[PDB]
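Below: one protein chain in two forms, given as structure tokens, structure 1 then structure 2.
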Structure 1
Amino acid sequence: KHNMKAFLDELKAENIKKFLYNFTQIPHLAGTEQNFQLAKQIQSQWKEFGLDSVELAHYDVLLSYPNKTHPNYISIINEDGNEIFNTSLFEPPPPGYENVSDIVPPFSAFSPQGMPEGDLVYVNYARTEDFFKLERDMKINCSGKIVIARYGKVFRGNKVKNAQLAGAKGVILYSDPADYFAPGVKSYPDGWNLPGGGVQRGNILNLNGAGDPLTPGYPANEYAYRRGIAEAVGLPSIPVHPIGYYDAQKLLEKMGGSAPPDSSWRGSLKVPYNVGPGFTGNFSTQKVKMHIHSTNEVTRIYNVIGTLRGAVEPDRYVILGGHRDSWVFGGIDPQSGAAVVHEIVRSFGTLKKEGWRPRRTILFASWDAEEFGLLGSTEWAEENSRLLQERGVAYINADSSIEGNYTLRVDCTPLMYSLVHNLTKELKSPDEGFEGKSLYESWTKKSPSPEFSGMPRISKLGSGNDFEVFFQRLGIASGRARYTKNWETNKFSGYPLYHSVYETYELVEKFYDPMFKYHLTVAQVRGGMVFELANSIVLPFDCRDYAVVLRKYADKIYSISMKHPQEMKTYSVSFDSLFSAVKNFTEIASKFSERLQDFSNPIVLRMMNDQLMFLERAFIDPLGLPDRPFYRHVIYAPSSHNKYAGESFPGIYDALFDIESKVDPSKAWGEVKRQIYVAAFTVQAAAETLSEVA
């Protein structure tokens, strides 16, 4: 028969391994010819696998590259002007790697050019709260300084933006072994740890959901009008460069000024972690000089889009997508997800050749230039927003399959919680000590919900990956799932080798998943979801799950506001309307669930499914959030302090953040009230899309 189990069993660990190997032998940097070749290979294999159509969708987008003959680097410069120490120009490449000249050296994509010289200030992780600790408690001024920050905790582009707002003239980012060196494991190539010469690449955009910085709102197609560089959407305005911990130890060890405020400011290097500004005594005359010569250039990128037409509802789209472009070899990020996606397409194509079709249309995407700020997925979604708005059922992301081997990790809309729960109860746990047991049980045991026991943790979507435009801008239900580490604490840092040249096929095969069993599990979760979304007669969304979390979120934002009881009284700040809306939503959603069990008639079915599909859409505010016209979801947005994290009721949360330091409290609290009204009105409106239609 042609059912989900047939689909799950066609997925093989060995095929995923063949694909991962094939996809990671050379670099696939966005905009390069090698990446275009891999696109043509995907396209032509997805045709062989059996898809109805497979096409390249190209865009000309702003990309960023180092200058091949004027390399980026940082110096310590002395009084006479002599460069007495220089950071490295490239990472020592991994063992057996031949075409070296083609490996992009470490750089921060989208840094402007510049040669600033100054005194160093160490800002910890450069989080909003680290800048508050520096300027407000220690009274240390960053204006005109170079800040050195460690990677981790928050998206690197937030760090750069915090440094800009504090007046810095440059940013050095580095990987501290506290965050990137798991005790008791060896450095690559003998272990999965970061060596001293390894360096994390990555864009430092001030992400705002726009996609190509030159064409916000519209696809970067052939006749596109482009903004000038000066009006470009999220480009940083100070030079930025990343280094490894050997180079960083050389910069940090001379530092003076004030002691670190406490030990959460210390990493593991053998240095005092002085905050600065400047070096101590003997070296107070030395300076740090950055040399950044990277260039911005409009470059062609290619998305592969495969279509598997639905038998019954070909005008309803379930999308499975992940990116193909990598910084270097992309051993984990993204080819461990791309390999899983290839095995899923192969498996759907098999059933297709035996005469089966999904009920709904499935779209498979291999996105380009995700590493440069989600450009391939975002341009495609701007091009097709009208089709996606009226037709998109769900989006499943498939970037990295693993990032550890301890347990499952899932972020998705509440509409998909019950789907995820049911699917994982029917899947085998691949974990040692859990054979015979379900994936749900191992997952629940190792990663418990902080709210309800007997349930696993599912997180909120923010930004940082290609689901972002589907979910935050268009309001299409979205989800992602991968295998992860035990280390809850480092959950936004990346694994040790994240974005460095050492992420290779050997890394995955020797240290992560020799049997490819974690990849197989992940393929089963992402394929299984896509299968159910695409084939279930009633869409597998449970609106009652949205009712439950809305009430946690409302309780939470109310709690944050109540740290200011006197202002709540003086300005009449009331959450009554928002609680009433969440109550109405709870009521209407449970009446709706009953009718959904209690109705054969294709029109009634299409109408109920349309209520389910459009329910996520109903949380979209067409005016967007304040100053953020492309963050339109009123319940979720990327956190303004950490684009990797989702924030709930983001409009109210931003109006409240640091509200005590607003100079006009009447106008600040007026803006909180406005956002309560917007959130209340939107919850009620969404609820009324689930009422009887007439």
Structure 2
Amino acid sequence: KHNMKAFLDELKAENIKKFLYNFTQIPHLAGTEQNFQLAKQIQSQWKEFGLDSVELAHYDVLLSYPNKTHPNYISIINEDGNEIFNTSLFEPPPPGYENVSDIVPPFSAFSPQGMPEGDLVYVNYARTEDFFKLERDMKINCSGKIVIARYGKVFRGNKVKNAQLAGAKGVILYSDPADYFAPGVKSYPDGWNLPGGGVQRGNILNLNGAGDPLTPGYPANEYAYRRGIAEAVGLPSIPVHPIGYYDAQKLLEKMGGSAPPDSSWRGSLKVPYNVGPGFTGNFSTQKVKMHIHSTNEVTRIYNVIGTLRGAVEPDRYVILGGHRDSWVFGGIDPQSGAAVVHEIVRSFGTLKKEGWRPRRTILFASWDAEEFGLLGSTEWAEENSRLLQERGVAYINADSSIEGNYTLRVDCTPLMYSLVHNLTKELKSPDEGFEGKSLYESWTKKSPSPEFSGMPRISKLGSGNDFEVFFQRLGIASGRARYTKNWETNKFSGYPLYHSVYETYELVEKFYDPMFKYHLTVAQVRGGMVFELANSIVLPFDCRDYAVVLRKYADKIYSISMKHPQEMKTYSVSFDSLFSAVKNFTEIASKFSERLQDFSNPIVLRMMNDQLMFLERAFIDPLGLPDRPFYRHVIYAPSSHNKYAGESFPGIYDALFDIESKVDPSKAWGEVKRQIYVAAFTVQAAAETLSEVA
């Protein structure tokens, strides 16, 4: 029989391992010839595997590269202008890769050029609250200072935006062992920790969903009109560069001025973590100087798009997508994901060769330039936005399959919760101690839901990956899944070797997943979701699960506002309309679910499959959120303080944030009330898409 079990049994750990090895021998930086060569290889293999069509979709987008003959670095300079300390020009390459060429040195993509010199201020993680603490409580002024911030806790683009708004003239990012060195594990190559010469690459844009900085709204095709650089979306205005902790120690050790305000500001290095500004007495005349010479350049990128045409509803698309470009070798990010997609394609293609087709069309995507701002997925969705919003059933992302070896991690729309619970109950746990038990059982035991006993934790989608255009701009039901760590060590930093030259095939094979069993489990979860989405007669979405979370989010946002009881009285701020809408959604969703159970009529079916498919769509507001026109989903947006985190009822959340500091409270509370109305209206409108249609 050709059923989900046939699909799942065809997936092989050994194949994933072979593909990962194949994808990680050389760097595949976006816009480079090697990444175009890999794109062509994937296109050819997906054709071989049996897909109906496999095309490259190319765009010309703004990318950023260091200057090969004018290297980026940072110095401590003395009063004569002699550079007495220089940060490294490259990470020491790992064993056996010391002759690999075209390893891009560490840099912050899209940094402007410049050579600013000044006194250092240490700003902890450079979060909104770190700058609050500096300016409001400690009275330290960052204006015209170079700030030094540790990576972790929030997306590095938000750190840079925060530093810029504080008046910094430059930003130095570094990896503190507190955040990137797990106690009792060795540094690469003898364990999975970050060595002191290791450095995390990454872009520092604030795109807010825009895609290519030069063509917001429209695909960067051959005849596109581009903005000039001065009007580009999301570029930083001050130079930025990342360093490892050997070099950071040299920059931090001489720091003077004020003490750290508390122990939450101290990392693990043998330094005081003084905030500054500037160095202690002996060295007070020394300064820090950055030298940044990277250039932004419009460069061609290539997505591979594979199609497996649906037998019954070819005009309904279930999308499995993940990126292919990497900073260096991409051992985890993204090739551990891409190897998993390759094996999924292979398995579906085996079934297709035996005569099977899925009910709905499955689209497979190998995205380019994800690392430079989700550019390949966003440009392709801008090109195809009309097809996607009228036909897009679901998008399953497929970046890194592992960031640990402890348990499953799922972030998705509430519409997929029941699908994920059901599927994981049918899959075998790969975990030691759970032999013969379901993935659901092991996952639930290791990662319990905070709300419900006997259920596992499933998080809201945030951002910083290729589902952003599909979910928060276009309103297509989206999900992601990977193996993860126990979050009770170095929390809200990912894995230590993230975006470093040390993220290699050997990292994975030796330290994360030697048997490729976690990879296989992740292929079963991602592939299984795609299979059910593309093949179930009734779409496997439960609208009642949206009703339950909407109430939780409404309680949360109400609780935030209720910290200001006097202002809620003065300005007549009521949440009644939002609770009413959520109550109505709950009642209508319950009734819709009864009809979905209680209806041989393919029009009623497809009518109801359309109501299911368009339910995520109904949370889109075509006017977008304030000053973020590409974040249109009213229930979920990336946190305005951390692109990685999701925020619920983001319009109301941002209206309430730090509201006690606004100069005009009547105007600020007016805007809170405006966002309440928008959210209540959108919830009610979404509910009404589930009512009887006539």
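Residue 1 is the first residue of structure 1, and the numbers go on in sequence order from there. Throughout, rigid core stands for the largest set of C-alpha atoms superposing within 1.5 Å between the two forms.
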Please look at 82, 285, 489, 570 and say which one has a C-alpha shift reaching 2 Å or more between structure 1 and structure 2, core superposed.
-> 489
Residue 264 C-alpha moves between structure 1 and structure 2 by 2 Å or more, core aligned = no
Any CA movement of 2 Å or more for residue 432 between structure 1 and structure 2, core superposed?
-> no
Large Cα move at residue 99 between structure 1 and structure 2, threshold 2 Å, rigid core | yes
Core-fitted comparison between structure 1 and structure 2 - CA shift at residue 137, Å | 0.8
To one decimal place, what C-alpha displacement in Å is found for residue 463 between structure 1 and structure 2 with the rigid core superposed?
-> 1.3
